[PDB]
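Before any comments, here is the structure.
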Ligand SMILES: *[C@@H]1O[C@H](CO)[C@@H](O[C@@H]2O[C@H](CO)[C@@H](O[C@@H]3O[C@H](CO[C@H]4O[C@H](CO)[C@@H](O)[C@H](O)[C@@H]4O)[C@@H](O)[C@H](O[C@H]4O[C@H](CO)[C@@H](O)[C@H](O)[C@@H]4O)[C@@H]3O)[C@H](O)[C@H]2NC(C)=O)[C@H](O)[C@H]1NC(C)=O
Ligand SMILES: *[C@@H]1O[C@H](CO)[C@@H](O[C@@H]2O[C@H](CO)[C@@H](O)[C@H](O)[C@H]2NC(C)=O)[C@H](O)[C@H]1NC(C)=O
Ligand SMILES: *[C@@H]1O[C@H](CO)[C@@H](O[C@@H]2O[C@H](CO)[C@@H](O)[C@H](O)[C@H]2NC(C)=O)[C@H](O)[C@H]1NC(C)=O
Ligand SMILES: *[C@@H]1O[C@H](CO)[C@@H](O[C@@H]2O[C@H](CO)[C@@H](O)[C@H](O)[C@H]2NC(C)=O)[C@H](O)[C@H]1NC(C)=O
Ligand SMILES: *[C@@H]1O[C@H](CO)[C@@H](O[C@@H]2O[C@H](CO)[C@@H](O)[C@H](O)[C@H]2NC(C)=O)[C@H](O)[C@H]1NC(C)=O
Ligand SMILES: *[C@@H]1O[C@H](CO)[C@@H](O[C@@H]2O[C@H](CO)[C@@H](O)[C@H](O)[C@H]2NC(C)=O)[C@H](O)[C@H]1NC(C)=O
Ligand SMILES: *[C@@H]1O[C@H](CO)[C@@H](O[C@@H]2O[C@H](CO)[C@@H](O)[C@H](O)[C@H]2NC(C)=O)[C@H](O)[C@H]1NC(C)=O
Ligand SMILES: *[C@@H]1O[C@H](CO)[C@@H](O)[C@H](O)[C@H]1NC(C)=O
Ligand SMILES: *[C@@H]1O[C@H](CO)[C@@H](O)[C@H](O)[C@H]1NC(C)=O
Ligand SMILES: *[C@@H]1O[C@H](CO)[C@@H](O)[C@H](O)[C@H]1NC(C)=O
Ligand SMILES: *[C@@H]1O[C@H](CO)[C@@H](O)[C@H](O)[C@H]1NC(C)=O
Ligand SMILES: *[C@@H]1O[C@H](CO)[C@@H](O)[C@H](O)[C@H]1NC(C)=O
Ligand SMILES: *[C@@H]1O[C@H](CO)[C@@H](O)[C@H](O)[C@H]1NC(C)=O
Ligand SMILES: *[C@@H]1O[C@H](CO)[C@@H](O)[C@H](O)[C@H]1NC(C)=O
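Chains as they are written, first to last, in the authors' numbering: chain A, 521 to 558, 569 to 664; chain B, 521 to 558, 569 to 664; chain M, 521 to 558, 569 to 664; chain E, 3 to 99; chain D, 1 to 121; chain G, 33 to 135, 152 to 184, 190 to 309, 312 to 321, 321A, 322 to 394, 409 to 504.
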């Protein structure tokens, strides 16, 4: 279920990422307004509904600017600068949970997010335009 | 026009699916708030605008989790279990309309929707991650 | 920065399109509701956030119906009919700004936008369905 | 013009079964306990309202409404009325030996 | 709750007028129609008319037309039925009927009945 | 093989109801705070409505289970309370009125009101109609039940055509059968952007200013043979009525508070004359005959008419609004003959203290209109109720306007709100490129 693998290893958790993906917006299975009756609750509810779209659309927007809109897992060609983390493959994916990973690299994630938009998708598209020119 | 091919055969209707896709959200040609006046109609209008986005974003989310975000027609590799429907190709696409199709398989569509997210896009991405490792 | 290259040549401006793309929705770095206080400003604010979603979702919808959802730059196979503009390649990308272009072709953009959805993505998908049949 | 018989026989374990002919016959059936107001037992010839036992049921025909009660008891001795919109039937008294 | 309570039983003289009230409590009195139906002790029950408490909109059979007037007091949720020109053949028990706890919007049949008002004249 | 293939934008719908939306015509000629149905912020509609005719399909309709008439009736009530919210309260007017007659139907009442000063008291006179005053030496009719908020003289009660429009993601299905029963399938349906011009009139027994029929008169009810629901006799042709208030009334402004101004009826000059309406005689004579032909199709014998037996004054008469004044026209002269320019003249009495919708709360006071009043009733329907349990030789259809949703059902019978589900799964011979 939702956030079920929060304490599991990254390899086990990476298989059920679709479950956490469904629940950020819906939303509309649980209610539509609800117009079966027709107040403090009405204003509060609407601001929740607007906010759930604001957070969801930011993530698809960020995934969009990294050229990863359609996919939940995408690989890139920006290399991993070692100053961010010194840990190896086996020390990360089979021994650590996602909770403890976010705690250590959160300081420099912003310029990593800057590397994802500049280094690849802004270079790849200019190169891909020059590639399909012929 | 919008919903024009609702009584036509599936082959004829499948050519003009863009028309129904356009009008699901807009929306913004008819109004923006409107800020030309600056009431019961204001609260009523706003709750409809939120609902129109919220329902629209559910379908692109479902298409996203099936790896079909960018496309209106996508093919998969989940096989069609015969218990859902026993009809053949010529008995479906050139003799029946979409309205009568939704009526008969609606019981198991949720389990089918479970197959689209688990069987392919959750398996394809793990395999595709394991494929681009080399 | 945002809209920084509005007076530069199209070639120079086309490299930093990600900057203008980020700012149509966010949005959520500046505020979320805000739930730190708990009025005329509250109703005014909410109508801005709804409007910011709805216009933004139009552009990804239009890009979606042109099969360009994930990309900021996409090439097509609808040819450019000369009645729209008679200018050449060097008279457009290295001597003119995006501003003066929008003023001159805005009259027929709607039937161009009709060509992007019909001529390619509605034909390409039917052909691509007929192509993966074997 | 909505008619029904006056007395039909019955026994505990044997079904009591009433005919009711007429135009749009048997829209509702009422069990009038002797002393108080009647109470609806079935509406729309076969549907069952809340607050009545499962053994109360009705069957429809072309023009005759057949109310069938199975598993009689001594407390079910009452007058049964067949109604059609604003019309009403004659009345049928239960007979249990 | 969701019940109909009537007035005491009355016995009058021929020609006189009797008022049979039926107060309603526990539910939306205005939204549901108030029907009135008779039952002679030894005859089939005969239907008088209905009265919805929005504006009153009373309906009558010709066997009671010009003799019965139904009024209401919606502030106290009371539905009335007054008979004029009482004769010898106007003896029955008088029931107020409505339809609340049913899923049928057709207005018939009746499910909630009053306590009863036996009128002998 | 057969692998699923999802299509986005399929033309399939489900029966589901949503929140509608006003969209009035591009007629922002306001110049004053007016149009209590549009109010401030009802948006302009599409100048070119995209009416899209469909074929090839038969979809069922149910005009009595329609949720649009529940949503429209809730809006018109909400517009009624919202427009009266900033208007002038008539709380200090509920005092002992000293009324003397004029001869008539107008009583000359003098009462006692506080001025803008909270200590000084003034004595002013006003003309009040007879059914606006109950005996006590007189008071207003409902000062001991609820408060009275008079209508603001700036706003107008003229019903402009408003289009109820479903939002993005929904659709409105318009049935196009010329002789269309209501409940039952419709062979020729058309999805539209939204509805036609709907006038939100208030009227009992006589549906004024609506949509007309094309082929013939259609008689509409839930069950017909059931006597409990009103019968909507939707007309083919429309009769002509000239209603009037042919007495000269002056508007008197009575000072009752700071900003709160009480506009009463001043001195009447000219002739004391009754308000009347002329519903032809020839067009109505032909109208009732064509109604008889449709009513004889659902029966087998003669059918007669008779006026309303009882109820409140606002259903026994024919109520409507005629240039800001509410009429109550005695329609006994209409449904009199028993069937199987020499005009008929309906005596109409005017009320000012009106309690519309019978909801316990605001009951507005319509301010008088200076000068003569003339309007145009048009009639595109009738409201009839069947009589009780009777002999088969003949039946009576008493007129009657019940809940106001029957007024909207005469114009919202064509439409139906469905939700669009553009996701659809259908198997084909196509399969995507395999990973391995
Ligand atoms: C059913 O539908 C019919 C339409 O077929 C309606 O009949 C019309 O009703 C409207 C509103 O009641 C009438 O419009 C009003 O007419 C008044 C009289 O017009 C004369 O006087 C003016 C001014 O001297 C002249 O310009 C005009 O040519 C006429 O000679 C006007 O006084 C009204 O004006 C309003 O706005 C102005 C501007 O703010 C104010 O100064 C006024 O005080 C007033 O508020 C208004 O225009 C119309 O005349 C009727 N007839 C026709 C043929 O359209 C029925 O009323 C309607 N019935 C129901 C029950 O809905
Ligand atoms: C009443 O109940 C039973 C079951 O409904 C009746 O059986 C049939 O009833 C139908 C209609 O009520 C008749 O058309 C059939 O002819 C009946 N079949 C038989 C074999 O009787 C039955 O008539 C009644 N039961 C009794 C009298 O005990
Ligand atoms: C009026 O309502 C009655 C029931 O309340 C309907 O009568 C039923 O009609 C169906 C077919 O339409 C029959 O199969 C049933 O046997 C009838 N009776 C009952 C008790 O359900 C009647 O059809 C309705 N009138 C119209 C014109 O639809
Ligand atoms: C189905 O109904 C539609 C709508 O009423 C009809 O289309 C319109 O009606 C007349 C008669 O055909 C035409 O002159 C109009 O021009 C039509 N409108 C448009 C936009 O074309 C249609 O004809 C009906 N079809 C059938 C078979 O009854
Ligand atoms: C209604 O009654 C009032 C009582 O004050 C009348 O007002 C006065 O009437 C006398 C005539 O008897 C005049 O001399 C005064 O000038 C009036 N006073 C005011 C302030 O107008 C009023 O005329 C009566 N109206 C009608 C139509 O009878
Ligand atoms: C109601 O009034 C209308 C006009 O206000 C009358 O219609 C006009 O009648 C005159 C002769 O009386 C004709 O010359 C006009 O051509 C008519 N105009 C229209 C638009 O029809 C109508 O006769 C009146 N009806 C009644 C019953 O009084
Ligand atoms: C509507 O008008 C009719 C007649 O035009 C009224 O009916 C009768 O009118 C006569 C006067 O000519 C009275 O003496 C009777 O008492 C009236 N009633 C009956 C039953 O005959 C009718 O009263 C008028 N409607 C209202 C509400 O007053
Ligand atoms: C409607 O039905 C006819 C008759 O079978 C068919 O020829 C036609 O293709 C269908 N669709 C349209 C849009 O006419
Ligand atoms: C109005 O007030 C005066 C004195 O202020 C009093 O004499 C009179 O009885 C009051 N009522 C009326 C005129 O109805
Ligand atoms: C209000 O006053 C009228 C005047 O006769 C009276 O009939 C009615 O009963 C009063 N209402 C209440 C609730 O007392
Ligand atoms: C209305 O007429 C249609 C005609 O086909 C019929 O099917 C339907 O039962 C009718 N409904 C009523 C309530 O009479
Ligand atoms: C009404 O019509 C009938 C027959 O159509 C006729 O006998 C009668 O005289 C007509 N009435 C008037 C006033 O024209
Ligand atoms: C019915 O009333 C009208 C109204 O004036 C009258 O002209 C007519 O003679 C009356 N007819 C009958 C049969 O009462
Ligand atoms: C009133 O009826 C006439 C019929 O002569 C019609 O032409 C006119 O359009 C109607 N008025 C409205 C507002 O519909």
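Backbone N, C-alpha and C fix where the C-beta goes; we use that ideal spot for every residue, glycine too.
Open item on the list: Contact between the segment 342-361 of chain G and the segment 460-479 of chain G is defined here as three or more beta-carbon pairs at a separation below 8 Å; is this criterion met?
Closed with: Contact between the segment 342-361 of chain G and the segment 460-479 of chain G is present: three or more C-beta pairs spanning the two stretches fall below 8 Å.
- [ ] Quick one: using the 10 Å Cβ neighbour count with 16 as the cut-off for buried, is residue 199(G) buried or exposed?
- [x] Stepping through the sixth chain from its first residue, residue 199(G) is reached at position 146. By the C-beta density criterion, residue 199(G) is exposed, having fewer than 16 other C-beta atoms within 10 angstroms.
Task: Contacts of residue 555(A) in chain G (Cβ-Cβ under 9 Å) - done: What you label residue 555(A) is simply residue 35 of the first chain in a count that begins at 1. Within chain G, the residues placing a beta-carbon under 9 Å from that of residue 555(A) are 49, 50, 51, 99, 103, ordered along the chain.
Open item on the list: Our contact map puts residue 569(B) next to residue 71(G) with C-beta atoms below 8 Å; I'd like the distance itself, whole angstroms only.
Closed with: If you number the second chain from 1, residue 569(B) lands on position 39. If you number the sixth chain from 1, residue 71(G) lands on position 39. The beta-carbon distance between residue 569(B) and residue 71(G), rounded to whole angstroms, is 5 Å. This is short enough to meet the 8 Å contact definition.
- [ ] Go through its chain and collect everything with a Cβ distance to residue 52(E)'s Cβ below 7 Å, but skip five positions before and after it.
- [x] Locating residue 52(E) in the fourth chain gives position 50, where the first residue counts as 1. Within the same chain, no residue comes within 7 Å of residue 52(E) by CB-CB distance, once the 5 residues on both sides are set aside.
- [ ] Determine contact between the segment 68-84 of chain E and the segment 42-51 of chain G, defined as no fewer than three beta-carbon pairs at a distance below 8 Å.
- [x] They do not touch, by the three-pair rule.
Task: Interface partners of residue 600(A) on chain B, CB under 8 Å - done: Position 70 of the first chain, counted from the first residue, corresponds to residue 600(A). The answer, in chain order, is 594, 597, 598, 599, 600.
Task: Selection from 118(D), 107(D), 117(D), 119(D) that minimises the alpha carbon distance to residue 52(D) - done: Here the question's residue 52(D) lines up with position 52 in the fifth chain. Of 118(D), 107(D), 117(D), 119(D), the residue nearest in Cα terms is 107(D).
TODO: For residue 374(G), name the three-state secondary structure that DSSP assigns.
DONE: Indexing the sixth chain from 1 puts residue 374(G) at position 320. The answer is strand: DSSP assigns residue 374(G) an E or B state.
Task: the segment 96-116 of chain D in contact with the segment 34-53 of chain E per 3-pair CB rule at 8 Å - done: Three or more beta-carbon pairs drawn from the segment 96-116 of chain D and the segment 34-53 of chain E are found closer than 8 Å, and the two stretches are therefore classed as touching.
Open item on the list: Measuring alpha carbon to alpha carbon, tell me which residue in 614(B), 539(B), 522(B), 529(B) is nearest residue 647(M).
Closed with: Position 117 of the third chain, counted from the start, is the residue given in the question as residue 647(M). Selected option, being the one with the closest Cα: 539(B).
Task: Cβ of residue 455(G) within 8 Å of any chain D Cβ - done: Sequence index remark: in the sixth chain, residue 455(G) carries index 387 (1-based). Among the residues facing chain D, residue 455(G) is included, as its CB has a counterpart in that chain under 8 Å away.
- [ ] Excluding the 5 residues preceding and the 5 following residue 118(D) in the sequence, name in chain order all residues of the same chain whose CB lies nearer than 6 Å to its CB.
- [x] Taking the first residue of the fifth chain as 1, we reach residue 118(D) at position 118. Taken in chain order, the residues that qualify are 9, 93.
- [ ] Report the three-state DSSP secondary structure of residue 486(G) (helix, strand or coil).
- [x] Sequence index remark: in the sixth chain, residue 486(G) carries index 418 (1-based). Residue 486(G) carries a strand assignment under DSSP once its states are collapsed to helix, strand and coil.
Task: Reduced DSSP category for residue 112(G) - H, G, I as helix; E, B as strand; rest coil - done: As a first step, residue 112(G) must be located in the sixth chain, where it is residue number 80. It is helical.
Task: Per-residue contacts from residue 581(B) into chain G (C-beta, under 8 Å) - done: For this step, residue 581(B) is matched to residue 51 along the second chain. Close partners of residue 581(B) in chain G (Cβ separation under 8 Å): 50, 51, 220, 222.
Open item on the list: Using only the alpha-carbon positions, how far apart do residue 228(G) and residue 262(G) sit?
Closed with: If you number the sixth chain from 1, residue 228(G) lands on position 175. If you number the sixth chain from 1, residue 262(G) lands on position 209. Near 21 Å, if we compare the C-alpha coordinates of residue 262(G) and residue 228(G).
Open item on the list: Closer than 7 Å between beta carbons: that is the criterion. Which residues of the segment 106-131 of chain G meet it against chain A?
Closed with: Along the segment 106-131 of chain G, going in chain order, the ones with a CB nearer than 7 Å to a CB of chain A are 106.
TODO: Count the other C-beta atoms from every protein chain shown that fall within 10 angstroms of the C-beta of residue 1(D), then say buried if there are 16 or more, exposed otherwise.
DONE: As a working mapping, residue 1(D) is identified with position 1 in the fifth chain. Residue 1(D) counts as exposed, since fewer than 16 other beta carbons sit within 10 angstroms of its beta carbon.
Task: Status (buried if at least 16 other CB within 10 Å, exposed otherwise) for residue 629(A) - done: Here residue 629(A) refers to the residue found at position 99 of the first chain. Exposed, by the Cβ-count rule.
Task: Beta carbon of residue 564(B) nearer than 8 Å to that of residue 545(B) - done: Chain B lacks coordinates between 558 and 569, the interval that contains residue 564(B).
Open item on the list: Within 10 Å of its beta-carbon, does residue 94(G) have 16 or more other beta-carbons around it, so buried, or fewer, so exposed?
Closed with: Along the sixth chain, read from residue 1 onward, the residue named residue 94(G) stands at position 62. Answer is exposed; the Cβ neighbour count stays below 16.
- [ ] Flag residue 69(E) as yes if its beta-carbon sits less than 8 Å from any beta-carbon of chain D, otherwise no.
- [x] Start at 1 with the first residue of the fourth chain, and residue 69(E) comes out as number 67. When Cβ-Cβ separations below 8 Å define contact, residue 69(E) makes no contact with chain D.
Open item on the list: Spatial neighbours of residue 96(G) within its chain, please: C-beta separation below 6 Å, excluding the five flanking residues on both sides.
Closed with: Looking up residue 96(G) in the sixth chain gives position 64. Contacts found: 275.
Task: Nearest-residue set for ligand 13, Cβ under 6 Å from any heavy atom - done: One residue list follows from the rule of a beta carbon closer than 6 Å to any heavy atom of ligand 13, given in chain order as 387(G), 390(G), 391(G), 412(G).
Open item on the list: Going by DSSP in three states, residue 51(D) sits in which element: helix, strand or coil?
Closed with: Numbered from 1 along the fifth chain, position 51 holds the residue referred to as residue 51(D). Reduced to three states, the DSSP call for residue 51(D) is strand.
Open item on the list: If the criterion is Cβ atoms closer than 8 Å, does the pair residue 337(G) and residue 293(G) meet it?
Closed with: Counting from one through the sixth chain, the residue named residue 337(G) turns up at place 283. Counting from one through the sixth chain, the residue named residue 293(G) turns up at place 240. Residue 337(G) places its beta carbon less than 8 Å from that of residue 293(G).
TODO: Would you tell me roughly how many angstroms separate the C-alpha atoms of residue 3(D) and residue 171(G), rounded to the nearest one?
DONE: What you label residue 3(D) is simply residue 3 of the fifth chain in a count that begins at 1. What you label residue 171(G) is simply residue 123 of the sixth chain in a count that begins at 1. So the two alpha carbons sit approximately 50 Å from each other.
TODO: Return the residue from the list 97(E), 99(E), 83(E), 94(E) that minimises the CA-CA distance to residue 28(E).
DONE: The residue given as residue 28(E) occupies position 26 in the fourth chain. Comparing Cα positions, the closest option is 83(E).
Task: Beta carbon nearer than 5 Å to a non-hydrogen atom of ligand 4 - done: Having a Cβ closer than 5 Å to some heavy atom of ligand 4 are 85(G), 229(G), 241(G).
Task: Delimiting residues of the beta strand (DSSP E) encompassing residue 39(D) - done: Numbered from 1 along the fifth chain, position 39 holds the residue referred to as residue 39(D). First-last of the beta strand (DSSP E) with residue 39(D): 34-39.
Open item on the list: Distance cutoff 8 Å, beta carbons only. Does residue 280(G) sit that close to anything in chain E?
Closed with: Within the sixth chain, the letter at position 227 stands for residue 280(G). Closer than 8 Å: yes.
- [ ] Give the range of the beta strand (DSSP E) segment to which residue 130(G) is assigned.
- [x] Taking the sixth chain and counting its residues from 1, one reaches residue 130(G) at position 98. Where residue 130(G) is concerned, the enclosing beta strand (DSSP E) stretches over 130-133.
TODO: Evaluate contact between the segment 332-346 of chain G and the segment 283-292 of chain G, counting only Cβ atoms and requiring at least three cross-stretch pairs below 8 Å.
DONE: The segment 283-292 of chain G and the segment 332-346 of chain G touch, with three or more beta-carbon pairs separated by less than 8 Å.
Open item on the list: I want to see whether chain E comes within less than 8 Å of residue 26(D), judged by CB atoms only; does it?
Closed with: Along the fifth chain, one-based indexing puts residue 26(D) at 26. Against chain E, the CB of residue 26(D) has no partner CB under 8 Å away; the residue lies outside that interface.
Open item on the list: Using 8 Å as the cut-off, can you tell me whether the segment 239-259 of chain G makes contact with the segment 216-230 of chain G, which would need three or more C-beta pairs spanning the two stretches below that distance?
Closed with: Short answer: they touch.
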